[PDB]
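Worksheet for the structure shown next.
Numbering (the deposited numbering), first residue to last: 1 to 94.
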């Protein structure tokens, strides 16, 4: 299940012009990988070759994602972020 080779593809893809996305993927994958199955990971890696405009809006709480396969892993990401927000809040907006 999965390869370090595949992980390298992720490393190149998370690198956007905004650090917020890269920082919630690079070390988060280390943790979330334990909770992510190949089926989830496939759809995740499929996304990584593009950007996440609508998905970014899910993080801001105003997005649209019809394929809940994508939204599923986003929800799993958000759940981890929520504890940061409740702890010492966040920096981006509010």
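For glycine and all other residues, C-beta sits at the position ideal for the given N, C-alpha and C.
Which term fits residue 70, buried or exposed, when burial requires 16 or more other beta carbons within 10 angstroms of its beta carbon?
buried
Just curious, the alpha helix (DSSP H) that residue 69 is in, first and last residue?
68-88
On a Cα-Cα basis, can you pick out the residue from 31, 23 and 63 that is closest to residue 53?
When only C-alpha atoms are compared, the closest one is 63.
Where do the N-terminal and C-terminal ends of the alpha helix (DSSP H) with residue 14 fall, by residue?
DSSP places residue 14 in the uninterrupted alpha helix (DSSP H) bounded by 4-14.
Just mark residue 73 as buried or exposed, buried being the case when its beta carbon has 16 or more other beta carbons within 10 Å.
buried
If I'm right that residue 20 touches residue 89 with Cβ under 8 Å, what's the distance once you round it to whole angstroms?
The pair is not a contact, with the Cβ atoms about 14 Å apart (cut-off 8 Å).
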